[PDB]
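In what follows, a single structure is set out as structure tokens and then discussed.
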Amino acid sequence: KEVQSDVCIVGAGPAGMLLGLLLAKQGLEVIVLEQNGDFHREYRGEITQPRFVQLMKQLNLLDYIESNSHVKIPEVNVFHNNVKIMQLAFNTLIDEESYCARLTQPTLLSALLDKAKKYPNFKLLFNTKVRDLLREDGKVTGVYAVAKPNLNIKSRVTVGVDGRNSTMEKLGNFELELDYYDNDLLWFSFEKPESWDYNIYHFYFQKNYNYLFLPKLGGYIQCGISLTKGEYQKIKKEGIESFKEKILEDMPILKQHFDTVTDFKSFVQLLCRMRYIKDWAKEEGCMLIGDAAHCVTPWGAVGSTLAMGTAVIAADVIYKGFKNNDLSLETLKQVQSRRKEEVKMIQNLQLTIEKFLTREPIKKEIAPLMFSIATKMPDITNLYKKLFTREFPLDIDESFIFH
Amino acid sequence: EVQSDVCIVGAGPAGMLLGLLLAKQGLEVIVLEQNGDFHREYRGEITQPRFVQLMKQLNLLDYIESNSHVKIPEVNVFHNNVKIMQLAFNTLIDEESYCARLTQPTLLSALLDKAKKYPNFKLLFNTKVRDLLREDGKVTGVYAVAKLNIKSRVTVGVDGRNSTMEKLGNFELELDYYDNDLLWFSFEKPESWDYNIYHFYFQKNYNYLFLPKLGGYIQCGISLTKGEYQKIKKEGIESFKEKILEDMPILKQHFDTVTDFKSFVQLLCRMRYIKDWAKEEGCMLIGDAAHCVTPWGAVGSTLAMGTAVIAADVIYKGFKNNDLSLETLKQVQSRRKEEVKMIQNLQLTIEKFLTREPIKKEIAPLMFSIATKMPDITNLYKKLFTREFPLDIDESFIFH
Amino acid sequence: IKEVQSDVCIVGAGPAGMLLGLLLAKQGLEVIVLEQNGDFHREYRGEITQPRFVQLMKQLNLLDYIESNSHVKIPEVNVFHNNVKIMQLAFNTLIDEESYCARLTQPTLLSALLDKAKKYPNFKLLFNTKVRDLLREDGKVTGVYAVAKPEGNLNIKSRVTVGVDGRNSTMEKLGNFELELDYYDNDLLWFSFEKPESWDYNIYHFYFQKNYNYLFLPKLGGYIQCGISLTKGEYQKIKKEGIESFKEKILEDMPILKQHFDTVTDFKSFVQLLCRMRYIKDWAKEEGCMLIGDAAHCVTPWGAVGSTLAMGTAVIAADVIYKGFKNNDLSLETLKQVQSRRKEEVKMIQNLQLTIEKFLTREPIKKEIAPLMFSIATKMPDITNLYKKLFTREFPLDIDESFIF
Ligand SMILES: Cc1cc2nc3c(=O)[nH]c(=O)nc-3n(C[C@H](O)[C@H](O)[C@H](O)COP(=O)(O)OP(=O)(O)OC[C@H]3O[C@@H](n4cnc5c(N)ncnc54)[C@H](O)[C@@H]3O)c2cc1C
Ligand SMILES: Cc1cc2nc3c(=O)[nH]c(=O)nc-3n(C[C@H](O)[C@H](O)[C@H](O)COP(=O)(O)OP(=O)(O)OC[C@H]3O[C@@H](n4cnc5c(N)ncnc54)[C@H](O)[C@@H]3O)c2cc1C
Ligand SMILES: Cc1cc2nc3c(=O)[nH]c(=O)nc-3n(C[C@H](O)[C@H](O)[C@H](O)COP(=O)(O)OP(=O)(O)OC[C@H]3O[C@@H](n4cnc5c(N)ncnc54)[C@H](O)[C@@H]3O)c2cc1C
Ligand SMILES: CCCCCC/C=C/CCCCCCCC(=O)O[C@H](COC(=O)CCCCCCC/C=C/CCCCCCCC)COP(=O)(O)OC[C@H](O)CO
Ligand SMILES: CCCCCC/C=C/CCCCCCCC(=O)O[C@H](COC(=O)CCCCCCC/C=C\CCCCCCCC)COP(=O)(O)OC[C@H](O)CO
Ligand SMILES: CCCCCC/C=C\CCCCCCCC(=O)O[C@H](COC(=O)CCCCCCC/C=C/CCCCCCCC)COP(=O)(O)OC[C@H](O)CO
Ligand SMILES: Oc1cccc(O)n1
Ligand SMILES: Oc1cccc(O)n1
Ligand SMILES: Oc1cccc(O)n1
């Protein structure tokens with residue numbers, strides 16, 4: 001039919017809803033739409049970062065979020081053949097509160113939606129699939145979406161906050177400056193052994209594969225086996241049995257779980273892709289932000305916090321434009337002009353870290369020892385601060401501080 | 001006053017092997033030494049696969065094994081009590097190769113008993129040489145005191161690293177390296193351990209080296225920086241015992257009866273190289289008097305003995321030709337230059353792993369771990385242990 | 001102000017500028033090349049080249065003509081660690097063809113191109129002509145304003161204006177261009193000394209020493225030029241300590257230089273070079289405008305890639321302009337194809353240069369392990385791929401046949 005709004009946003013994920021929550025708080029009619037029927041449709045992680053704690057306390061939101069179901073992870077350890085080689089406590093990085101946490105996204109997103117539904121100028125729809133852009137007069141006017149249990153949404157600003165797989169990246173002719181994919185992860189969950197804590201963050205450098213252990217919702221532990229691009233098809237050929245013999249040789253504590261495994265149906269494959277669009281704001285009334293604009297690898301648990309920080313900067317930029325009645329393409333490029341420095345700093349670190357997961361004949365046996373040497377450098381704590389903490393709060397107007 | 005044709009000053013490994021190899025050749029050979037017996041001063045017990053190679057070329061391997069010795073098949077390196085490097089010396093070459101715990105006196109005496117059968121061989125004890133009869137630019141012999149002006153065509157010095165003939169001769173030290181120590185002590189073999197072990201440990205406080213000794217007994221050398229032992233003595237023995245016992249918990253029994261440092265022997269790991277081994281006509285320097293090395297790899301005894309073989313071959317060649325001049329003696333340094341210089345350069349690279357600096361001490365175990373995983377470490381193993389080709393000497397020097 | 005009318009306008013008569021002019025002149029397009037200097041000998045811009053340069057020359061039937069000039073081939077590069085060699089590389093194994101580093105100087109090569117080009121009547125080159133501004137009309141950049149000296153003021157017009165000045169570019173800011181990246185972390189200190197007796201002449205050597213890192217290259221006239229690597233801002237402190245202290249440390253590292261340093265009693269001999277790397281965001285931004293060369297994609301002086309990398313951009317630029325003229329399509333969309341094709345190699349090189357510049361650290365504990373890490377990396381089973389990517393080009397540049405002499 002026909003709809004009217006001030007700001008149109010595609011997707012209600014961490015970045016989309018944080019932007020929608022804030023923009024409504026500034027007294028602008030917002031619309032946020034998503035295709036899934038709820039927040040539980042797709043699994044999208046549970047771990048967070050110290051940088052996330054900093055952001056919430058910046059807006060006076062930690063107490064509200066901290067009242068949810070979460071488990072504070074106090075440190076990260078790295079092993080090599082079952083012997084610890086590196087330890088890092090997150091509270092020695094910044095004076096204020098600092099810690100990782102296990103906070104599932106649907107828990108976090110429901111907390112944001114509940115706070116946002118208090119405002120009457122915030123509107124969220126679901127099962128709403130954007131399918132086209134209403135670009136007219138050169139500028140962008142809005143989007144065309146089909147709703148489920150056909151409508152045109154016209155707005156002054158359109159923001160694309162879909163995920164890696166972005167439809168809004170192609171309708172607006174955006175171009176990628178980077179396309180990295182060299183590794184996989186193979187995730188499975190198993191019952192916590194009696195000798196193990198629960199709020200752990202453990203990485204193992206073993207003989208055959210590399211393992212990452214994180215807490216899972218419900219007293220379980222989720223493991224991830226690091227593999228190369230295309231090596232999983234070969235693994236399945238050799239059979240499940242040979243996979244078990246090599247895993248149990250690595251981590252014998254997993255003996256009890258693998259007694260009841262007879263197929264590759266308990267494992268889930270994840271592809272570690274990194275991306276970067278060339279120019280996020282390219283057309284009038286158009287912008288791109290989030291993980292459709294600058295994804296990163298699974299290391300350090302930076303993906304969600306980095307996306308949320310981009311939205312917060314986008315809200316301040318948009319707020320300045322609306323008050324000044326200046327929404328030209330010139331004002332939109334401030335998001336990239338302010339986020340670029342910290343997003344590219346993060347991505348270059350992810351490229352360095354991904355070089356330690358090599359499975360090559362001679363490099364596989366020295367990666368653990370290179371890691372052990374690097375972490376003993378006198379100025380390694382600066383890298384820790386860059387990866388986990390943020391030096392200064394995002395400079396945005398006080399109007400965004402919740403009371 | 002006694003005349004001879006060859007005068008060797010010192011009867012160590014290098015000196016004796018030169019003397020025997022010349023007495024068998026029908027020359028008048030006299031060997032001088034100062035100690036009252038071969039047992040007075042400790043001079044090591046371990047050997048390397050090059051040592052077996054030298055014997056089998058000389059066809060004396062069977063005779064040597066007839067005397068007492070133990071076999072040490074591999075060498076292992078650990079880090080915080082986990083093995084990081086392993087090597088078997090029998091895979092380095094097709095021929096049979098091993099380390100031997102053959103103590104020196106049971107080797108020197110075996111050389112003496114075999115050597116004295118020849119009537120032109122002569123040996124003396126307590127004959128401390130004092131001056132050289134350097135006359136007309138050449139050595140007429142040596143002046144000594146017994147407890148003698150012995151004139152010879154060649155006067156070869158095998159005194160050792162603490163050489164007294166490095167000053168009588170006007171030799172110049174091309175190198176002098178000294179930046180580490182060792183602290184030796186012997187204790188009883190633990191039940192869980194074996195006897196024929198060659199074990200090196202990278203630990204938190206100190207690095208240790210375990211070797212066999214005395215039969216059912218083990219010796220351990222604690223690596224310390226130069227000038228650092230004088231501090232452990234100033235800070236008391238109680239501190240030292242606790243630090244060792246934390247690092248190496250299986251020493252708890254031996255240290256329960258230790259109350260002082262009088263049982264600890266300080267070995268100074270020195271390395272040296274002479275600018276020109278034979279600078280004047282009539283005398284030459286060979287062995288550890290000229291090209292000593294560090295204790296790593298047990299390459300010292302073989303290096304000095306192999307050079308004595310080179311000296312004997314050249315000396316016999318010169319005698320057969322009757323052309324014994326300055327350029328003749330230089331043939332020894334010309335032919336041993338490649339091995340002696342490559343071996344020392346390796347000893348300098350390994351010594352760099354014994355750093356005790358605040359942050360380097362914790363990276364050195366990791367570097368060693370990486371270096372052993374390189375695509376070509378086995379060529380370095382051969383360089384350190386086995387000789388690629390047999391020493392080129394005429395067939396007359398072999399024993400049937 | 002007197003007027004001039006041409007078809008293609010280029011600013012600067014360095015390697016990239018001159019090369020592009022020659023290739024455009026051969027096609028029948030009127031070409032004007034402008035330089036501010038008296039001649040090609042005014043500024044000093046190095047004397048070394050790369051196997052990539054040989055590949056580019058012979059692709060256009062030019063190796064023989066260049067080989068006529070005076071040049072000494074360099075067969076290999078060595079890297080030492082305390083007077084001990086830790087790496088060796090002969091350029092002949094990189095590709096099946098003939099590959100090598102020469103030491104041809106720039107004013108020699110530039111004259112070789114100049115004389116060849118001026119045979120075409122459509123080629124014109126001016127000295128002492130300095131560009132001042134950009135003549136933009138009707139939402140386009142048509143021509144420039146230049147002031148000539150031995151005359152007066154000139155007003156050049158063309159369908160295309162190309163920016164081929166150096167890193168210190170005026171066209172960079174006259175047409176407002178944006179630097180995506182800029183990097184500066186090190187300095188080099190160059191001085192020339194008489195070749196010692198034992199050292200050869202056609203050497204390309206690098207030393208990891210106790211105090212400083214030394215690079216030794218050949219110089220014109222049987223001399224040797226040496227560059228000492230220093231951190232940014234460390235040279236001011238070095239001068240404060242004194243010349244006598246600086247000499248003491250250098251002789252410790254390289255005692256072979258003792259004979260040369262007797263006549264050194266100040267810092268007048270030394271020359272300071274700043275290792276700067278750049279990348280222009282959008283090489284083409286205004287209609288009838290472009291940017292190429294070190295004013296676009298400068299790089300650090302490691303691997304001697306800078307001169308050849310610019311000529312690669314000029315060659316692709318000549319194909320870009322050629323296709324537009326034959327198609328009546330000199331819009332911004334066609335012009336942007338220059339970066340769309342050059343972008344890949346330029347950024348691959350810039351990344352390799354930042355990795356290499358990490359080995360020159362002078363930090364208290366890092367500088368003592370960099371020589372050891374270099375030795376570990378070069379012994380990896382897959383190092384030849386890096387060598388091939390740093391010196392040789394896998395394939396020839398896909399330019400038409402008309403550009404072959
Ligand atoms: C398996 C997995 C595990 C992860 N684990 C972690 C972790 O532990 N920690 C962490 O920090 N990050 C993690 N991430 C990354 C995390 O998902 C991102 O950081 C975050 O989701 C980015 O926020 P966003 O706004 O882009 O959300 P999005 O996920 O992009 O939200 C939009 C959603 O809508 C979907 N969509 C696509 N097209 C449309 C359309 N036309 N209309 C509506 N919706 C559409 C998208 O696919 C997406 O699911 C994980 C990701 C994956 C895939
Ligand atoms: C404490 C110690 C432990 C060692 N342990 C080992 C080991 O385990 N394995 C190994 O392979 N190598 C070991 N070595 C090295 C070994 O000593 C040499 O390889 C070997 O001694 C070299 O032989 P040489 O005859 O040149 O020197 P040496 O034989 O050692 O030199 C000393 C000899 O010269 C004689 N002498 C000294 N001064 C005079 C003089 N003025 N006149 C006459 N004769 C004189 C002495 O009586 C003595 O016989 C050790 C060395 C030392 C110091
Ligand atoms: C000290 C030094 C040493 C070097 N050594 C080497 C080496 O060994 N190997 C190598 O491959 N590369 C070397 N280079 C880099 C080399 O100079 C470049 O690769 C090459 O010059 C780039 O070509 P270009 O077309 O940009 O030439 P340019 O040098 O850019 O040619 C244009 C010239 O005109 C000047 N100019 C500035 N403004 C104007 C104007 N308005 N009008 C006219 N002219 C103007 C520029 O400063 C420049 O000198 C060196 C550079 C320096 C500074
Ligand atoms: C020394 C300066 C220049 C020397 C004279 C010029 C001579 C030219 C020829 C020399 C060729 C260089 C060979 C060095 C090998 C090298 O750099 O390998 C590297 C491989 O090793 C790496 O990935 C290392 C990346 C950065 C290394 C940091 C420097 C190491 C030492 C510095 C201080 C110590 C800090 C680090 C602590 C511990 C490190 C683990 C290149 O990797 P890449 O990913 O950039 O490229 C690989 C592929 O081509 C595409 O990705
Ligand atoms: C390993 C996967 C995840 C591990 C645990 C997950 C989460 C925990 C967080 C732990 C933090 C990880 C930090 C690791 C340390 C690290 O990256 O150090 C790096 C080491 O510094 C480097 O430049 C080294 C580059 C990485 C080397 C390549 C990887 C080595 C692995 C095997 C290949 C063998 C190549 C042979 C040697 C190459 C020459 C060095 C610092 O990053 P940087 O590039 O910014 O360095 C600049 C400067 O030189 C300082 O060194
Ligand atoms: C450690 C005391 C004794 C140990 C056991 C005794 C008996 C057994 C013998 C053990 C075999 C020796 C191991 C091999 C290691 C070794 O020296 O080989 C290495 C081979 O390693 C390589 O090629 C990689 C180069 C870098 C690896 C480290 C080797 C040298 C390191 C020096 C200092 C190490 C301390 C680290 C801390 C200091 C900095 C923070 C070098 O020998 P090289 O002759 O090739 O020298 C040339 C140049 O140095 C580069 O190659
Ligand atoms: O569950 C997950 C998946 C990927 C990364 C991470 O930190 N956690
Ligand atoms: O006691 C010693 C001395 C030197 C070498 C070695 O193996 N043992
Ligand atoms: O003299 C020069 C200057 C820059 C780079 C290089 O290789 N040589």
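FYI, nothing fancy with the structure tokens labels: chains A, B, ... in order, residues from 1 per chain, ligands from 1 as they appear.
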Return the neighbours of chain A among the residues of chain C, cut-off 10 Å, counting only C-alpha atoms, as a JSON list (two decimals) with N, CA, C and O atoms, in the first residue's frame.
```
[["chain", "number", "residue", "atom", "x", "y", "z"],
["C", 281, "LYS", "N", 43.17, 7.71, -2.60],
["C", 281, "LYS", "CA", 41.90, 7.01, -2.46],
["C", 281, "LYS", "C", 41.28, 6.71, -3.82],
["C", 281, "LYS", "O", 41.10, 5.55, -4.19],
["C", 363, "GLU", "N", 63.67, -1.38, 18.70],
["C", 363, "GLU", "CA", 63.20, -1.44, 20.07],
["C", 363, "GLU", "C", 64.16, -2.25, 20.94],
["C", 363, "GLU", "O", 64.95, -3.04, 20.42],
["C", 364, "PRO", "N", 64.10, -2.07, 22.26],
["C", 364, "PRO", "CA", 65.14, -2.68, 23.12],
["C", 364, "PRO", "C", 65.27, -4.19, 22.98],
["C", 364, "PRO", "O", 66.39, -4.70, 23.00],
["C", 365, "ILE", "N", 64.16, -4.92, 22.84],
["C", 365, "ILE", "CA", 64.21, -6.37, 22.81],
["C", 365, "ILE", "C", 63.83, -6.94, 21.45],
["C", 365, "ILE", "O", 64.25, -8.06, 21.12],
["C", 366, "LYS", "N", 63.04, -6.22, 20.65],
["C", 366, "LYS", "CA", 62.66, -6.72, 19.34],
["C", 366, "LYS", "C", 63.84, -6.73, 18.37],
["C", 366, "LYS", "O", 64.01, -7.67, 17.60],
["C", 373, "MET", "N", 64.38, -13.94, 13.12],
["C", 373, "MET", "CA", 63.10, -14.19, 12.46],
["C", 373, "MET", "C", 63.24, -14.13, 10.95],
["C", 373, "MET", "O", 62.55, -14.87, 10.23],
["C", 380, "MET", "N", 61.45, -21.14, 4.94],
["C", 380, "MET", "CA", 60.16, -21.79, 4.78],
["C", 380, "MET", "C", 60.08, -22.44, 3.40],
["C", 380, "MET", "O", 60.68, -21.96, 2.44],
["C", 381, "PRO", "N", 59.33, -23.54, 3.28],
["C", 381, "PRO", "CA", 59.27, -24.24, 1.98],
["C", 381, "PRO", "C", 58.62, -23.43, 0.88],
["C", 381, "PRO", "O", 58.81, -23.75, -0.30],
["C", 382, "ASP", "N", 57.85, -22.39, 1.21],
["C", 382, "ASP", "CA", 57.07, -21.63, 0.23],
["C", 382, "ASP", "C", 57.52, -20.17, 0.17],
["C", 382, "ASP", "O", 56.70, -19.26, 0.02]]
```
Next on the checklist: Which residues are near ligand 4 in this structure, taking near to mean any atom at most 7 Å from a ligand atom and counting only C-alpha atoms and all ligand atoms? Format them as a PyMOL selection string.
Outcome noted: (chain A and resi 355+370-371+373-374+377) or (chain C and resi 77+79+206+302-303+351-352+355-361+366-367+369-370+373-374+377-378+383+385-387)
What would the file look like if the residues just selected were written as a compact mmCIF listing (two decimals), in the first residue's frame with N, CA, C and O atoms?
```txt
# COMPACT_ATOMS: atom_id res chain seq x y z
N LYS A 355 47.09 -15.92 10.86
CA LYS A 355 48.31 -16.55 10.37
C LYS A 355 48.88 -17.58 11.34
O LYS A 355 49.80 -18.31 10.98
N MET A 370 55.72 -19.67 17.85
CA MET A 370 55.72 -18.25 17.50
C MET A 370 54.76 -17.47 18.38
O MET A 370 55.05 -16.34 18.79
N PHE A 371 53.60 -18.06 18.68
CA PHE A 371 52.63 -17.41 19.56
C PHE A 371 53.21 -17.23 20.95
O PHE A 371 53.05 -16.17 21.57
N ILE A 373 56.32 -16.94 21.81
CA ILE A 373 57.36 -15.92 21.80
C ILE A 373 56.76 -14.53 21.71
O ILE A 373 57.20 -13.61 22.41
N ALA A 374 55.75 -14.34 20.86
CA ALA A 374 55.20 -13.00 20.65
C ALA A 374 54.58 -12.46 21.93
O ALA A 374 54.74 -11.27 22.25
N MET A 377 56.63 -10.36 24.51
CA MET A 377 57.24 -9.10 24.14
C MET A 377 56.91 -8.03 25.18
O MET A 377 55.81 -8.02 25.74
N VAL C 77 71.20 -10.96 -4.61
CA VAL C 77 71.12 -10.19 -3.38
C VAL C 77 71.45 -11.11 -2.22
O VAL C 77 71.00 -12.26 -2.18
N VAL C 79 72.01 -11.32 2.23
CA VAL C 79 71.69 -10.73 3.52
C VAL C 79 72.60 -11.37 4.56
O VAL C 79 72.68 -12.60 4.62
N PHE C 206 72.87 -6.54 2.28
CA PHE C 206 72.24 -6.01 3.47
C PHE C 206 72.86 -6.67 4.70
O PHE C 206 73.04 -7.89 4.72
N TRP C 302 62.64 -0.63 -0.68
CA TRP C 302 63.04 -2.00 -0.39
C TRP C 302 62.63 -2.89 -1.55
O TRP C 302 61.44 -2.99 -1.86
N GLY C 303 63.61 -3.53 -2.19
CA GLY C 303 63.38 -4.27 -3.40
C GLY C 303 63.51 -3.47 -4.67
O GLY C 303 63.33 -4.02 -5.76
N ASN C 351 51.64 -3.96 0.97
CA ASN C 351 51.57 -4.87 2.11
C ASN C 351 52.90 -5.58 2.34
O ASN C 351 53.33 -5.75 3.48
N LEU C 352 53.56 -6.01 1.27
CA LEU C 352 54.86 -6.65 1.41
C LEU C 352 55.89 -5.69 1.98
O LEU C 352 56.86 -6.11 2.62
N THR C 355 55.30 -5.38 5.84
CA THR C 355 55.85 -6.57 6.48
C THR C 355 57.37 -6.49 6.57
O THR C 355 57.96 -6.84 7.60
N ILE C 356 58.02 -6.04 5.50
CA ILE C 356 59.48 -5.96 5.48
C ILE C 356 59.97 -4.88 6.43
O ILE C 356 61.03 -5.01 7.05
N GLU C 357 59.23 -3.77 6.54
CA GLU C 357 59.65 -2.68 7.41
C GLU C 357 59.50 -3.03 8.88
O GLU C 357 59.95 -2.26 9.73
N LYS C 358 58.85 -4.15 9.20
CA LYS C 358 58.78 -4.62 10.58
C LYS C 358 60.06 -5.29 11.04
O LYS C 358 60.23 -5.50 12.24
N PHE C 359 60.96 -5.63 10.12
CA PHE C 359 62.22 -6.26 10.47
C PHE C 359 63.29 -5.25 10.85
O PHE C 359 64.36 -5.65 11.33
N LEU C 360 63.03 -3.95 10.66
CA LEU C 360 64.01 -2.90 10.92
C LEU C 360 63.81 -2.23 12.27
O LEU C 360 64.38 -1.17 12.52
N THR C 361 63.01 -2.84 13.15
CA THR C 361 62.72 -2.23 14.45
C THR C 361 64.00 -2.05 15.25
O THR C 361 64.93 -2.86 15.19
N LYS C 366 63.04 -6.22 20.65
CA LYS C 366 62.66 -6.72 19.34
C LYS C 366 63.84 -6.73 18.37
O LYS C 366 64.01 -7.67 17.60
N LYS C 367 64.67 -5.69 18.41
CA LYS C 367 65.73 -5.57 17.42
C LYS C 367 66.74 -6.71 17.51
O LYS C 367 67.50 -6.92 16.56
N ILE C 369 65.90 -9.93 17.91
CA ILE C 369 65.32 -11.15 17.36
C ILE C 369 64.91 -11.01 15.91
O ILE C 369 64.61 -12.02 15.27
N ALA C 370 64.88 -9.79 15.37
CA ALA C 370 64.52 -9.62 13.96
C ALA C 370 65.47 -10.36 13.02
O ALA C 370 64.99 -11.00 12.08
N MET C 373 64.38 -13.94 13.12
CA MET C 373 63.10 -14.19 12.46
C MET C 373 63.24 -14.13 10.95
O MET C 373 62.55 -14.87 10.23
N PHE C 374 64.12 -13.27 10.44
CA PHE C 374 64.37 -13.22 9.01
C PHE C 374 64.93 -14.55 8.52
O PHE C 374 64.55 -15.04 7.45
N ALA C 377 62.07 -17.18 8.40
CA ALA C 377 61.11 -16.99 7.32
C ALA C 377 61.67 -17.44 5.98
O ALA C 377 60.97 -18.08 5.19
N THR C 378 62.93 -17.11 5.70
CA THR C 378 63.50 -17.38 4.38
C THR C 378 63.72 -18.86 4.14
O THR C 378 63.89 -19.27 2.99
N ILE C 383 58.83 -19.94 0.28
CA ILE C 383 59.34 -18.57 0.22
C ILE C 383 59.54 -18.08 -1.20
O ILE C 383 59.51 -16.86 -1.43
N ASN C 385 57.59 -18.12 -3.63
CA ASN C 385 56.42 -17.39 -4.09
C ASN C 385 56.51 -15.92 -3.70
O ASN C 385 56.15 -15.04 -4.49
N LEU C 386 56.98 -15.63 -2.49
CA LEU C 386 57.18 -14.24 -2.10
C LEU C 386 58.25 -13.58 -2.95
O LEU C 386 58.08 -12.44 -3.40
N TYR C 387 59.36 -14.28 -3.19
CA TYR C 387 60.40 -13.75 -4.07
C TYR C 387 59.83 -13.42 -5.44
O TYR C 387 60.05 -12.32 -5.97
```
Show which residues sit within 10 Å of residue 127 (chain C), as a PDB file with N, CA and C atoms, in the first residue's frame. Count only C-alpha atoms, and ignore same-chain residues fewer than 5 positions away.
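File written: selection38.pdb
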```pdb
ATOM      1  N   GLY C  12      55.234  16.740 -15.428  1.00  0.00           N
ATOM      2  CA  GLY C  12      56.416  16.102 -14.880  1.00  0.00           C
ATOM      3  C   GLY C  12      57.075  15.224 -15.924  1.00  0.00           C
ATOM      4  N   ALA C  13      58.405  15.287 -15.985  1.00  0.00           N
ATOM      5  CA  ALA C  13      59.192  14.527 -16.950  1.00  0.00           C
ATOM      6  C   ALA C  13      60.070  13.485 -16.266  1.00  0.00           C
ATOM      7  N   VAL C  33      54.557  17.286 -22.505  1.00  0.00           N
ATOM      8  CA  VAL C  33      55.115  16.909 -21.213  1.00  0.00           C
ATOM      9  C   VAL C  33      55.797  18.136 -20.626  1.00  0.00           C
ATOM     10  N   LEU C  34      55.475  18.449 -19.371  1.00  0.00           N
ATOM     11  CA  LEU C  34      55.963  19.643 -18.692  1.00  0.00           C
ATOM     12  C   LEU C  34      56.823  19.243 -17.503  1.00  0.00           C
ATOM     13  N   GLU C  35      57.988  19.878 -17.372  1.00  0.00           N
ATOM     14  CA  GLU C  35      58.820  19.745 -16.186  1.00  0.00           C
ATOM     15  C   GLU C  35      59.287  21.118 -15.724  1.00  0.00           C
ATOM     16  N   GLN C  36      59.392  21.269 -14.404  1.00  0.00           N
ATOM     17  CA  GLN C  36      59.798  22.531 -13.804  1.00  0.00           C
ATOM     18  C   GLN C  36      61.305  22.735 -13.816  1.00  0.00           C
ATOM     19  N   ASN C  37      62.076  21.684 -14.066  1.00  0.00           N
ATOM     20  CA  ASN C  37      63.514  21.706 -13.857  1.00  0.00           C
ATOM     21  C   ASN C  37      64.256  22.029 -15.146  1.00  0.00           C
ATOM     22  N   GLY C  38      65.533  22.375 -14.989  1.00  0.00           N
ATOM     23  CA  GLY C  38      66.360  22.669 -16.148  1.00  0.00           C
ATOM     24  C   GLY C  38      66.610  21.453 -17.021  1.00  0.00           C
ATOM     25  N   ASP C  39      66.926  20.316 -16.407  1.00  0.00           N
ATOM     26  CA  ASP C  39      67.181  19.085 -17.146  1.00  0.00           C
ATOM     27  C   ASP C  39      66.996  17.904 -16.202  1.00  0.00           C
ATOM     28  N   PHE C  40      67.212  16.701 -16.733  1.00  0.00           N
ATOM     29  CA  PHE C  40      66.970  15.476 -15.983  1.00  0.00           C
ATOM     30  C   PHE C  40      68.008  15.216 -14.898  1.00  0.00           C
ATOM     31  N   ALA C 148      56.143  29.814 -18.030  1.00  0.00           N
ATOM     32  CA  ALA C 148      57.370  29.312 -18.627  1.00  0.00           C
ATOM     33  C   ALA C 148      58.510  30.283 -18.369  1.00  0.00           C
ATOM     34  N   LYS C 149      59.719  29.746 -18.286  1.00  0.00           N
ATOM     35  CA  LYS C 149      60.938  30.512 -18.111  1.00  0.00           C
ATOM     36  C   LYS C 149      61.935  30.137 -19.199  1.00  0.00           C
ATOM     37  N   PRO C 150      62.901  31.016 -19.503  1.00  0.00           N
ATOM     38  CA  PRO C 150      63.935  30.714 -20.497  1.00  0.00           C
ATOM     39  C   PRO C 150      64.500  29.302 -20.370  1.00  0.00           C
TER      40      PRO C 150
END
```
Next on the checklist: DSSP on the backbone: which residues in region 158-278 of chain C end up as alpha helix (DSSP H)? Give the answer as a ChimeraX atom specification.
Outcome noted: /C:171-174,234-241,243-253,258-261
Next on the checklist: At a cut-off of 8 Å around ligand 7, and using only C-alpha atoms and all ligand atoms, what residues come up? Please write them as a ChimeraX atom specification.
Outcome noted: /A:44-48,214,222,298-302
Within 9 Å of chain C, which residues of chain B come that close, and what is the closest atom pair and distance in Å for each? Count only C-alpha atoms and give it as JSON lines.
```
{"residue": "B:359", "atom": "CA", "partner": "C:365", "partner_atom": "CA", "distance": 8.2}
{"residue": "B:360", "atom": "CA", "partner": "C:365", "partner_atom": "CA", "distance": 8.3}
{"residue": "B:370", "atom": "CA", "partner": "C:376", "partner_atom": "CA", "distance": 8.7}
{"residue": "B:371", "atom": "CA", "partner": "C:376", "partner_atom": "CA", "distance": 8.2}
{"residue": "B:374", "atom": "CA", "partner": "C:379", "partner_atom": "CA", "distance": 7.7}
{"residue": "B:375", "atom": "CA", "partner": "C:379", "partner_atom": "CA", "distance": 7.9}
{"residue": "B:376", "atom": "CA", "partner": "C:379", "partner_atom": "CA", "distance": 9.0}
```
